[PDB]
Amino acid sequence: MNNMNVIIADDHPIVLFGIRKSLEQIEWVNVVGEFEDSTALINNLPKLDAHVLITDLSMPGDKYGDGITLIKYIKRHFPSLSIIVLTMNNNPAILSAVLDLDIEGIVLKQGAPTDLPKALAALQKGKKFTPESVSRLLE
């Protein structure tokens, strides 16, 4: 596939290792940055020239925040950047509000082990990789 500069952002290092373990088989991926905090993510985002961001939803960093506020900030300040949300919060209202921000993918940590590789493969082909929130939201 086309070569891709990836930044990964999660406040759990073991999750960051897990992303690297899953992506080490994929040669076209270049992990140009790893961050545990949204301040360090935003300060480094201009300097790295990244095509994709694999971001955690619940994260420390008071200056730029986390979740919806952070994704809203990133898309307004870094419009070329593609965002894959990696979260364990599968709440219908949070997933749908995240979907309304026009992001490229959501991967649940509760889901299948091959979802994060498959989401990057979908992004390369210009397609979406997201779970449906509305049915559970409506309940």
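Start at 1 with the first residue shown and count on from there.
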property	result
Of 84 to 92 and 22 to 30, the one with larger mean CA B-factor	22 to 30
Mean C-alpha B-factor comparison - 130 to 138 and 4 to 12, higher one	130 to 138
Residue with highest C-alpha B-factor in the PDB entry, from 53, 97, 108, 103	103
Position of residue 71 among the chain's modelled residues by C-alpha B-factor, lowest, middle or highest third	middle
Relative C-alpha B-factor of residue 112, binned into the chain's lowest, middle or highest third	middle
Chain-wide C-alpha B factor ranking for residue 48, given as lowest, middle or highest third	highest
